[PDB]
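These notes are about the structure you will find just below.
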Amino acid sequence: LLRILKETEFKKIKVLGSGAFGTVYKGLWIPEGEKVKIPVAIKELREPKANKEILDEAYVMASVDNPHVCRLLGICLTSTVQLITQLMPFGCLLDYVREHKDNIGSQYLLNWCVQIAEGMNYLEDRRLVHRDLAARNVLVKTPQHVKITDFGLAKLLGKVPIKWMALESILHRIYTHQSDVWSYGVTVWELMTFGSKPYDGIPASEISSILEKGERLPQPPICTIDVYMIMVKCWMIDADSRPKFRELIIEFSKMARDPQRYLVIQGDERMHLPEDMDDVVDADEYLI
Amino acid sequence: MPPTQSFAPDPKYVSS
């Protein structure tokens with residue numbers, strides 16, 4: 001299922017941006033021997049493991065079959081490790097809610113939670129942990145369908161997200177699904193503050209402390225107590241007490257049936273949102 | 001909105 005690419009079988013066209021370790025390019029996968037050109041997004045990882053191992057990990061990242069968990073399509077092992085995945089046209093859901101603050105309504109926000117949760121639940125059911133789930137790691141296929149990206153990358157690359165990590169992770173470097181729910185909670189806080197930065201104004205080396213003291217992210221304005229409390233119930237000190245993703249998917253799908261009742265957005269009733277040539281095949285289309 | 005909201009002395013959110 002994992003396709004091994006030659007540095008020739010693809011070409012980085014643009015630089016969509018660089019995050020943690022490496023940079024992301026908008027490229028095109030040209031399967032040697034076929035006129036077809038598949039739009040993809042290439043990620044080149046900045047160089048303590050070996051190449052024979054990396055492979056065994058990819059084999060597993062390119063095994064996650066689910067509508068909300070972005071799957072690995074191929075890998076390119078040379079002087080650098082390059083990951084090939086289907087190209088997501090609308091960008092990270094973080095940059096989305098920022099440039100659309102006033103235009104995103106109840107129904108949508110709530111759905112995304114429900115989707116992201118479905119993704120996290122997928123991985124959970126397989127005893128797989130993400131570790132770096134954040135608003136910046138959920139791409140938008142379409143404004144109505146989002147999906148989690150960069151799973152297993154963190155495990156593959158050893159600056160760590162302190163604000164998104166659960167306490168025990170920060171203190172004892174212990175990552176479990178139970179921590180991922182903590183990550184989720186923050187991610188959800190991000191969407192609710194339409195992209196606002198968490199604990200902004202506090203220094204990472206200090207988070208650990210203000211957290212122990214029982215201080216958590218603030219209740220967004222648009223969030224009716226009932227919603228804020230699920231997020232908050234994800235940041236409990238006692239991990240095994242945090243909501244499992246299944247519990248979330250529900251508590252959250254149950255609010256999407258009447259969005260306006262759990263989210264108070266001004267002017268919700270009136271809101272709306274949205275290269276070619278020929279031989280452009282969708283990743284979907286090429287990998288039957 | 002303020003950066004942090006307290007939850008103490010709630011034993012559930014304050015470690016000891």
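Naming scheme: A, B, ... for chains in displayed order of the structure tokens; residues 1 onward per chain; ligands 1 onward as shown.
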- Within stretch 35-241 of chain A, find each residue whose DSSP state, derived from the backbone, is strand (DSSP E or B), and express the selection as a PyMOL selection string. chain A and resi 37-45+66+69+72-77+81-86+92+138-142+145-148+200+202+215-216+223
- Item | Neighbour list for residue A:259 as a PyMOL selection string, cut-off 8 Å, only C-alpha atoms, skip fewer than 3 positions in-chain | chain A and resi 106-107+110+255-256+262-263
Counting only C-alpha atoms, which residues of chain B fall within 6 Å of chain A, and what is the closest atom pair for each with its distance in Å at one decimal, ordered by chain and rising number, as a tab-separated table?
residue	atom	partner	partner_atom	distance
B:3	CA	A:199	CA	5.0
B:4	CA	A:217	CA	5.3
B:5	CA	A:218	CA	4.9
B:6	CA	A:215	CA	4.2
B:7	CA	A:214	CA	5.3
B:8	CA	A:214	CA	5.3
B:12	CA	A:236	CA	5.8
B:13	CA	A:214	CA	4.8
B:14	CA	A:214	CA	4.1
B:15	CA	A:212	CA	5.2
- Message: Residues within 9 Å of stretch 138-147 of chain A, please, as a ChimeraX atom specification. Count only C-alpha atoms; anything in the same chain fewer than 5 positions from it doesn't count.
- Response: /A:67-70,87-94,96,108,111-112,115-116,119,133,273-274
How would the residues just chosen look if you wrote them out with N, CA and C atoms as a PDB file, in the first residue's frame?
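Below is the file out_1.pdb, written as the result:
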ATOM      1  N   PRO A  67     -11.938   8.370   6.517  1.00  0.00           N
ATOM      2  CA  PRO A  67     -12.312   9.645   5.916  1.00  0.00           C
ATOM      3  C   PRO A  67     -11.795  10.883   6.626  1.00  0.00           C
ATOM      4  N   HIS A  68     -11.441  10.766   7.894  1.00  0.00           N
ATOM      5  CA  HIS A  68     -10.958  11.947   8.590  1.00  0.00           C
ATOM      6  C   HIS A  68      -9.507  11.886   9.031  1.00  0.00           C
ATOM      7  N   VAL A  69      -8.844  10.802   8.680  1.00  0.00           N
ATOM      8  CA  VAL A  69      -7.454  10.642   9.030  1.00  0.00           C
ATOM      9  C   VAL A  69      -6.734  10.631   7.694  1.00  0.00           C
ATOM     10  N   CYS A  70      -5.969  11.689   7.420  1.00  0.00           N
ATOM     11  CA  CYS A  70      -5.242  11.794   6.157  1.00  0.00           C
ATOM     12  C   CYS A  70      -4.237  10.650   6.079  1.00  0.00           C
ATOM     13  N   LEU A  87      -2.961  15.935  -1.775  1.00  0.00           N
ATOM     14  CA  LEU A  87      -2.973  17.374  -1.583  1.00  0.00           C
ATOM     15  C   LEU A  87      -4.316  17.910  -1.106  1.00  0.00           C
ATOM     16  N   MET A  88      -4.331  18.590   0.040  1.00  0.00           N
ATOM     17  CA  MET A  88      -5.567  19.188   0.561  1.00  0.00           C
ATOM     18  C   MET A  88      -5.552  20.691   0.238  1.00  0.00           C
ATOM     19  N   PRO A  89      -6.327  21.078  -0.792  1.00  0.00           N
ATOM     20  CA  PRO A  89      -6.558  22.395  -1.399  1.00  0.00           C
ATOM     21  C   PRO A  89      -6.942  23.596  -0.544  1.00  0.00           C
ATOM     22  N   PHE A  90      -7.655  23.380   0.548  1.00  0.00           N
ATOM     23  CA  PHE A  90      -8.077  24.513   1.358  1.00  0.00           C
ATOM     24  C   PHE A  90      -7.203  24.896   2.554  1.00  0.00           C
ATOM     25  N   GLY A  91      -6.168  24.101   2.832  1.00  0.00           N
ATOM     26  CA  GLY A  91      -5.270  24.405   3.939  1.00  0.00           C
ATOM     27  C   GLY A  91      -5.668  23.887   5.313  1.00  0.00           C
ATOM     28  N   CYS A  92      -4.859  24.217   6.318  1.00  0.00           N
ATOM     29  CA  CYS A  92      -5.131  23.773   7.673  1.00  0.00           C
ATOM     30  C   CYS A  92      -6.334  24.491   8.247  1.00  0.00           C
ATOM     31  N   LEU A  93      -7.207  23.715   8.884  1.00  0.00           N
ATOM     32  CA  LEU A  93      -8.415  24.239   9.488  1.00  0.00           C
ATOM     33  C   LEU A  93      -8.094  25.350  10.452  1.00  0.00           C
ATOM     34  N   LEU A  94      -6.829  25.511  10.816  1.00  0.00           N
ATOM     35  CA  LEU A  94      -6.483  26.603  11.717  1.00  0.00           C
ATOM     36  C   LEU A  94      -6.525  27.908  10.924  1.00  0.00           C
ATOM     37  N   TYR A  96      -8.018  28.424   8.306  1.00  0.00           N
ATOM     38  CA  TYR A  96      -9.344  28.588   7.746  1.00  0.00           C
ATOM     39  C   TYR A  96     -10.222  29.434   8.656  1.00  0.00           C
ATOM     40  N   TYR A 108     -21.422  24.213  11.209  1.00  0.00           N
ATOM     41  CA  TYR A 108     -20.064  23.854  10.795  1.00  0.00           C
ATOM     42  C   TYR A 108     -19.063  23.538  11.916  1.00  0.00           C
ATOM     43  N   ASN A 111     -19.652  20.365  13.594  1.00  0.00           N
ATOM     44  CA  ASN A 111     -19.411  19.177  12.789  1.00  0.00           C
ATOM     45  C   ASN A 111     -17.940  18.805  12.874  1.00  0.00           C
ATOM     46  N   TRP A 112     -17.085  19.759  12.532  1.00  0.00           N
ATOM     47  CA  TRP A 112     -15.644  19.558  12.573  1.00  0.00           C
ATOM     48  C   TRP A 112     -15.210  18.833  13.845  1.00  0.00           C
ATOM     49  N   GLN A 115     -16.012  15.492  13.462  1.00  0.00           N
ATOM     50  CA  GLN A 115     -15.206  14.764  12.502  1.00  0.00           C
ATOM     51  C   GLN A 115     -13.866  14.423  13.112  1.00  0.00           C
ATOM     52  N   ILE A 116     -13.164  15.448  13.584  1.00  0.00           N
ATOM     53  CA  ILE A 116     -11.850  15.275  14.195  1.00  0.00           C
ATOM     54  C   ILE A 116     -11.905  14.162  15.216  1.00  0.00           C
ATOM     55  N   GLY A 119     -11.937  10.854  13.706  1.00  0.00           N
ATOM     56  CA  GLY A 119     -10.603  10.497  13.278  1.00  0.00           C
ATOM     57  C   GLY A 119      -9.835   9.985  14.476  1.00  0.00           C
ATOM     58  N   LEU A 133      -1.849  16.371  17.825  1.00  0.00           N
ATOM     59  CA  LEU A 133      -3.121  16.785  17.269  1.00  0.00           C
ATOM     60  C   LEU A 133      -3.357  18.246  17.647  1.00  0.00           C
ATOM     61  N   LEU A 273     -20.127  29.791   2.752  1.00  0.00           N
ATOM     62  CA  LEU A 273     -18.738  29.604   2.340  1.00  0.00           C
ATOM     63  C   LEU A 273     -18.663  28.876   0.992  1.00  0.00           C
ATOM     64  N   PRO A 274     -17.492  28.926   0.327  1.00  0.00           N
ATOM     65  CA  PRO A 274     -17.272  28.279  -0.977  1.00  0.00           C
ATOM     66  C   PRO A 274     -17.754  26.827  -1.058  1.00  0.00           C
TER      67      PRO A 274
END
- Message: Set the distance at 7 Å and use only C-alpha atoms: which residues neighbour residue A:84 once local chain neighbours fewer than 4 positions away are removed? I'd like the list as a list in words.
- Response: residues 40, 41, 42, 43, 72, 73, 74 and 75 of chain A
Include N, CA and C atoms and write out the residues we just selected as a PDB file, in the first residue's frame.
ATOM      1  N   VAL A  40      -0.315  16.281  -5.317  1.00  0.00           N
ATOM      2  CA  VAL A  40      -0.015  15.813  -3.964  1.00  0.00           C
ATOM      3  C   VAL A  40       0.650  16.938  -3.192  1.00  0.00           C
ATOM      4  N   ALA A  41       0.981  16.649  -1.940  1.00  0.00           N
ATOM      5  CA  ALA A  41       1.646  17.588  -1.053  1.00  0.00           C
ATOM      6  C   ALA A  41       2.859  16.842  -0.527  1.00  0.00           C
ATOM      7  N   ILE A  42       4.037  17.349  -0.857  1.00  0.00           N
ATOM      8  CA  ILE A  42       5.274  16.725  -0.439  1.00  0.00           C
ATOM      9  C   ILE A  42       5.854  17.367   0.804  1.00  0.00           C
ATOM     10  N   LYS A  43       6.328  16.515   1.708  1.00  0.00           N
ATOM     11  CA  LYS A  43       6.929  16.966   2.955  1.00  0.00           C
ATOM     12  C   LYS A  43       8.328  16.365   3.103  1.00  0.00           C
ATOM     13  N   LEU A  72      -1.077   8.283   4.329  1.00  0.00           N
ATOM     14  CA  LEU A  72       0.203   8.433   3.645  1.00  0.00           C
ATOM     15  C   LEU A  72       0.061   7.670   2.357  1.00  0.00           C
ATOM     16  N   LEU A  73       0.495   8.263   1.250  1.00  0.00           N
ATOM     17  CA  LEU A  73       0.373   7.614  -0.048  1.00  0.00           C
ATOM     18  C   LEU A  73       1.684   7.001  -0.481  1.00  0.00           C
ATOM     19  N   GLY A  74       2.765   7.750  -0.287  1.00  0.00           N
ATOM     20  CA  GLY A  74       4.076   7.264  -0.670  1.00  0.00           C
ATOM     21  C   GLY A  74       5.198   7.932   0.098  1.00  0.00           C
ATOM     22  N   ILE A  75       6.402   7.374  -0.031  1.00  0.00           N
ATOM     23  CA  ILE A  75       7.596   7.882   0.658  1.00  0.00           C
ATOM     24  C   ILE A  75       8.804   7.879  -0.268  1.00  0.00           C
TER      25      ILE A  75
END
Residues within 8 Å of residue A:31, please, as a short mmCIF file (atom, residue, chain, number, x, y, z; two decimals) with N, CA, C and O atoms, in the first residue's frame. Count only C-alpha atoms; anything in the same chain fewer than 4 positions from it doesn't count.
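Result saved to part_20.cif:
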data_model
loop_
_atom_site.label_atom_id
_atom_site.label_comp_id
_atom_site.auth_asym_id
_atom_site.auth_seq_id
_atom_site.Cartn_x
_atom_site.Cartn_y
_atom_site.Cartn_z
N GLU A 9 10.17 10.60 -9.69
CA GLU A 9 8.73 10.44 -9.77
C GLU A 9 7.88 11.57 -9.22
O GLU A 9 6.67 11.44 -9.11
N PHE A 10 8.51 12.69 -8.87
CA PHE A 10 7.74 13.83 -8.39
C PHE A 10 8.51 15.13 -8.49
O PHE A 10 9.73 15.12 -8.66
N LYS A 35 1.24 8.85 -18.38
CA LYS A 35 1.04 10.27 -18.64
C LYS A 35 0.37 11.03 -17.50
O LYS A 35 0.45 12.27 -17.41
N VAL A 36 -0.28 10.27 -16.62
CA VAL A 36 -1.01 10.83 -15.49
C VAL A 36 -0.15 11.62 -14.50
O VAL A 36 1.00 11.29 -14.24
N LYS A 37 -0.74 12.68 -13.96
CA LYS A 37 -0.08 13.53 -12.99
C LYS A 37 -1.03 13.72 -11.80
O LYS A 37 -2.09 14.34 -11.93
#
Near-residue A:192 list (9 Å; only C-alpha atoms; drop same-chain fewer than 3 positions) as an mmCIF file with C-alpha atoms, in the first residue's frame:
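Saved file result-v7.cif follows:
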data_model
loop_
_atom_site.group_PDB
_atom_site.id
_atom_site.type_symbol
_atom_site.label_atom_id
_atom_site.label_comp_id
_atom_site.auth_asym_id
_atom_site.auth_seq_id
_atom_site.Cartn_x
_atom_site.Cartn_y
_atom_site.Cartn_z
ATOM 1 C CA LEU A 109 -17.820 24.316 13.856
ATOM 2 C CA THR A 187 -7.871 22.002 19.391
ATOM 3 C CA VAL A 188 -11.601 22.470 20.026
ATOM 4 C CA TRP A 189 -10.826 25.594 22.058
ATOM 5 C CA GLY A 195 -8.114 30.469 15.856
ATOM 6 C CA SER A 196 -7.138 32.412 18.960
ATOM 7 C CA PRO A 220 -14.816 31.111 24.835
ATOM 8 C CA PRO A 221 -17.596 33.728 24.427
ATOM 9 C CA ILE A 222 -19.581 31.842 21.793
ATOM 10 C CA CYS A 223 -19.586 28.668 23.894
#
- Assign secondary structure with DSSP using the backbone only, and return the residues of stretch 179-246 of chain A in helix (DSSP H, G or I) as a ChimeraX atom specification. /A:179-192,204-212,225-232,239-241,245-246
With C-alpha atoms retained, export the selected residues as a PDB file, in the first residue's frame.
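File out.pdb, as written:
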ATOM      1  CA  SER A 179      -3.493  12.625  26.398  1.00  0.00           C
ATOM      2  CA  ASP A 180      -4.777  12.984  22.830  1.00  0.00           C
ATOM      3  CA  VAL A 181      -8.166  13.850  24.262  1.00  0.00           C
ATOM      4  CA  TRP A 182      -6.397  16.623  26.099  1.00  0.00           C
ATOM      5  CA  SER A 183      -4.926  17.783  22.777  1.00  0.00           C
ATOM      6  CA  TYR A 184      -8.392  17.531  21.266  1.00  0.00           C
ATOM      7  CA  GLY A 185      -9.816  19.720  23.969  1.00  0.00           C
ATOM      8  CA  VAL A 186      -7.370  22.467  23.134  1.00  0.00           C
ATOM      9  CA  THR A 187      -7.871  22.002  19.391  1.00  0.00           C
ATOM     10  CA  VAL A 188     -11.601  22.470  20.026  1.00  0.00           C
ATOM     11  CA  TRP A 189     -10.826  25.594  22.058  1.00  0.00           C
ATOM     12  CA  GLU A 190      -8.938  26.849  19.031  1.00  0.00           C
ATOM     13  CA  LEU A 191     -11.891  26.443  16.719  1.00  0.00           C
ATOM     14  CA  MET A 192     -14.187  28.065  19.279  1.00  0.00           C
ATOM     15  CA  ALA A 204       5.902  27.483  27.937  1.00  0.00           C
ATOM     16  CA  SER A 205       8.295  26.884  30.821  1.00  0.00           C
ATOM     17  CA  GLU A 206       5.482  28.231  33.004  1.00  0.00           C
ATOM     18  CA  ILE A 207       2.460  26.365  31.577  1.00  0.00           C
ATOM     19  CA  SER A 208       3.402  23.273  33.614  1.00  0.00           C
ATOM     20  CA  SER A 209       2.916  25.410  36.700  1.00  0.00           C
ATOM     21  CA  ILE A 210      -0.300  27.329  35.971  1.00  0.00           C
ATOM     22  CA  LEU A 211      -1.733  23.997  34.987  1.00  0.00           C
ATOM     23  CA  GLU A 212      -0.880  22.314  38.280  1.00  0.00           C
ATOM     24  CA  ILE A 225     -21.420  26.475  29.356  1.00  0.00           C
ATOM     25  CA  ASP A 226     -22.487  23.001  28.245  1.00  0.00           C
ATOM     26  CA  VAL A 227     -19.895  23.026  25.467  1.00  0.00           C
ATOM     27  CA  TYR A 228     -17.083  24.644  27.426  1.00  0.00           C
ATOM     28  CA  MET A 229     -17.429  21.903  30.051  1.00  0.00           C
ATOM     29  CA  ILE A 230     -16.575  19.084  27.662  1.00  0.00           C
ATOM     30  CA  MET A 231     -13.338  20.785  26.703  1.00  0.00           C
ATOM     31  CA  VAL A 232     -12.594  21.460  30.335  1.00  0.00           C
ATOM     32  CA  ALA A 239      -6.126  11.190  32.535  1.00  0.00           C
ATOM     33  CA  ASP A 240      -8.233   8.047  32.766  1.00  0.00           C
ATOM     34  CA  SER A 241     -11.092  10.399  33.679  1.00  0.00           C
ATOM     35  CA  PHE A 245     -13.215   9.836  21.837  1.00  0.00           C
ATOM     36  CA  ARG A 246     -16.367   7.718  21.477  1.00  0.00           C
TER      37      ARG A 246
END
- If you measure from atom CA of residue A:81 to atom CA of residue A:24, what distance in Å do you get, rounded to one decimal?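 Straight-line distance from atom CA of residue A:81 to atom CA of residue A:24 works out to 12.5 Å.
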- What gap, in Å, lies between atom CA of residue A:48 and atom CA of residue A:14? 28.9 Å
